[PDB]
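Before any comments, here is the structure.
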Amino acid sequence: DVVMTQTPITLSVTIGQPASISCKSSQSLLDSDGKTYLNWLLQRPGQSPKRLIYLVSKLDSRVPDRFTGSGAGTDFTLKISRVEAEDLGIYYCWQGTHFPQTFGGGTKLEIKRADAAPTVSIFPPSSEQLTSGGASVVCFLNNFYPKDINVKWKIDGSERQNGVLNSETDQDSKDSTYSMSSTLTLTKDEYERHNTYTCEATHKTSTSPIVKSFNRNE
Amino acid sequence: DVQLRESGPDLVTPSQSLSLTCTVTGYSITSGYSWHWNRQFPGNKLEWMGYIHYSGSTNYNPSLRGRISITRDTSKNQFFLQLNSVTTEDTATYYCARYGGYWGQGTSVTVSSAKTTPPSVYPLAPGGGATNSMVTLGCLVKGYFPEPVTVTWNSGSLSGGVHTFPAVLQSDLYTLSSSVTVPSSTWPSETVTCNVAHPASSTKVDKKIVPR
């Protein structure tokens with residue numbers, strides 16, 4: 001079926017300055033009637049999708065003129081003359097020419113800022129949890145930028161992938177940093193079999209990983 | 001005014017059928033356009049499911065086999081989604097919509113065998129070697145269902161440096177932790193309590209963060 005591919009995946013923008021998104025269809029979107037059925041949408045965080053542009057260049061009845069639809073065939077571009085506060089979120093391109101309808105994967109819009117390293121904090125399991133025979137080793141990688149970051153778990157210096165669960169937050173509305181949790185989950189019997197537990201954070205601020213660990217016997 | 005409203009159970013059992021209802025107002029479904037159902041998955045990705053034309057005619061996305069029917073009720077100006085043989089895959093936010101850029105608010109349906117389950121709340125405190133003024137504490141909220149929960153610190157009085165990570169699934173139950181960062185002149189020099197709330201089970205647990 002017809003595929004909608006959007007570039008970039010994440011666009012870093014600054015309020016007031018312009019911005020430009022791309023969308024790419026695996027087939028020509030020109031229908032037999034002569035019209036090209038390509039829409040654009042904006043999904044603000046917390047609410048539904050919202051139509052911006054309906055036939056490649058036509059602006060929706062309720063949208064300000066700072067949005068501009070261009071293109072034809074397979075290549076289309078949404079362009080913003082000045083990014084304002086209310087434009088932040090995901091942008092989806094959509095084709096209605098071919099059955100079935102298909103949306104693009106979305107382009108997230110996020111505020112730009114100077115890079116910032118993560119403040120890595122590792123946590124041993126609580127004794128309360130250990131009474132129930134569980135052992136979760138939590139690791140916060142707090143307040144960093146940009147989004148992309150790498151965690152590595154080690155146990156007695158040996159790498160661990162099984163039983164790790166992760167979770168990135170959205171961008172902060174105040175300092176524009178991201179944060180991410182990493183959670184090795186173990187049973188008490190498993191946990192007591194080893195001493196060292198290490199959380200290792202690799203980010204584009206440094207080639208050196210930020211290491212944080214602890215030993216059960218202290 | 002073209003206005004659409006979704007309505008129906010937000011939780012269905014994996015074997016059963018997911019049935020919803022779109023109550024459209026300020027426009028007649030019989031005189032009009034195509035009337036669609038769309039869903040959005042966790043990944044943010046949107047899938048078109050199907051529609052019913054004002055004539056009563058239908059089309060469905062082949063991705064949903066023949067396990068979807070979109071019926072109608074012209075007497076109350078409504079169209080209905082019915083999705084059968086549901087799974088984890090079918091967990092999404094479901095939207096009803098009309099062809100000219102009209103979307104409903106959308107309801108989040110989850111698909112799960114899980115019973116209502118209150119969270120266990122565990123303290124997150126360091127072990128040895130805090131650097132400077134600031135130190136980060138937390139609260140692990142493990143093994144709860146369904147969503148959501150609400151985490152606060154000192155009954156909300158701590159806002160400054162507070163994250164709550166999005167929930168994640170872990171053997172049919174949700175887990176998240178909330179981080180807080182404060183100067184060490186304030187901890188353990190005075191109380192840092194986390195307050196977790198899980199409305200679905202009327203839970204309200206505080207957990208004081210003790211060192212060591």
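No value in this document is a laboratory result; all are computed from the given coordinates. Cβ placement follows ideal geometry from the backbone for every residue including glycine, while neighbour counts extend to all protein chains displayed.
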Q) Given the structure, is A:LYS154 more than 13 Å from chain B (Cβ to nearest Cβ), part of a strand (DSSP E or B) and farther than 24 Å from B:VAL141 by Cβ? A) yes
Q: Go through segment A:23-44 and give me each residue that's under 15 Å from A:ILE90 (Cβ atoms) and either over 24 Å from the mean Cα position of the chain (by Cα) or among the small types (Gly, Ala, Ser) (or both).
A: none
Q) In segment A:113-151, what count of residues is obtained for those that are more than 9 Å from chain B (Cβ to nearest Cβ), part of a loop (DSSP other than H, G, I, E, B) and not acidic (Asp, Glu)? A) 8
Q | Candidates A:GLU159, A:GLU168, filtered to the one that is on the phi < 0 side of the Ramachandran plot and free of Cβ contacts under 8 Å to residues at least 12 places away in the same chain | A | A:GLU159
Q: Report, by residue number, each residue of segment B:81-97 that is more than 14 Å from chain A (Cβ to nearest Cβ) and crowded, with 18+ Cβ neighbours inside 10 Å.
A: B:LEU81, B:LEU83, B:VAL86, B:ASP90, B:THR91
Q: Tell me which residues, restricted to segment A:70-96, are within 14 Å of chain B (Cβ to nearest Cβ) and not in a strand (DSSP E or B).
A: A:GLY89, A:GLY96
Q. Scanning for something touching a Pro at 6+ places or on another chain (Cβ under 8 Å) and of a type in the set (A, V, I, L, M, F, W, C), does segment B:76-97 turn up at least one residue?
A. yes
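Could you tell me which of the residues B:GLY138, B:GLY127, B:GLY100 is assigned to a strand (DSSP E or B), facing chain A (nearest Cβ under 9 Å) and either small (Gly, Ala, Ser) or surrounded by fewer than 19 Cβ atoms within 10 Å (Cβ to Cβ) (or both)?
One residue alone meets the criteria, B:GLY138.
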(Q) Could you go through segment A:42-64 and let me know if any residue there is surrounded by 16 or more Cβ atoms within 10 Å (Cβ to Cβ), within 13 Å of another protein chain (Cβ to nearest Cβ) and acidic (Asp, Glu). (A) yes
**Q.** Criterion violated by A:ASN39 - all others in (1) more than 8 Å from chain B (Cβ to nearest Cβ); (2) not in a loop (DSSP other than H, G, I, E, B) satisfied
**A.** (1)
Q) With A:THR77, A:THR68 as the choices, which residue is closer than 28 Å to A:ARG113 by Cβ, out of contact with any helix residue (DSSP H, G or I) (no Cβ under 7 Å at 6 or more places or on another chain) and free of Cβ contacts under 8 Å to residues at least 40 places away in the same chain? A) A:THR68
**Q.** Filter result for B:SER133 (farther than 23 Å from A:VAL138 by Cβ and more than 8 Å from every other protein chain (Cβ to nearest Cβ))
**A.** no
Q) Among the numbered criteria (1) surrounded by 14 or more Cβ atoms within 10 Å (Cβ to Cβ); (2) over 30 Å from B:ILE209 (Cβ atoms), which single criterion is violated by B:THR117? A) (2)
Q. Which of the following residues is crowded, with 19+ Cβ neighbours inside 10 Å, out of contact with any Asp or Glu (no Cβ under 6 Å at 6 or more places or on another chain) and within 14 Å of another protein chain (Cβ to nearest Cβ): A:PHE103, A:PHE67, A:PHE99?
A. A:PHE103
**Q.** Residues satisfying the stated conditions in segment B:141-179, i.e. over 17 Å from the mean Cα position of the chain (by Cα) and either more than 10 Å from chain A (Cβ to nearest Cβ) or outside any strand (DSSP E or B) (or both)
**A.** B:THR152, B:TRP153, B:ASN154, B:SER155, B:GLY156, B:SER157, B:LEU158, B:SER159, B:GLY160, B:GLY161, B:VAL162, B:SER171
**Q.** Of residues in segment A:1-36 being among the acidic types (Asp, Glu) and away from chain B (no Cβ under 14 Å), the one nearest to A:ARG82 (Cα to Cα)
**A.** A:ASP31
Q) If you go through segment B:38-63, how many residues are within 14 Å of another protein chain (Cβ to nearest Cβ) and either surrounded by fewer than 19 Cβ atoms within 10 Å (Cβ to Cβ) or touching a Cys at 6+ places or on another chain (Cβ under 6 Å) (or both)? A) 12
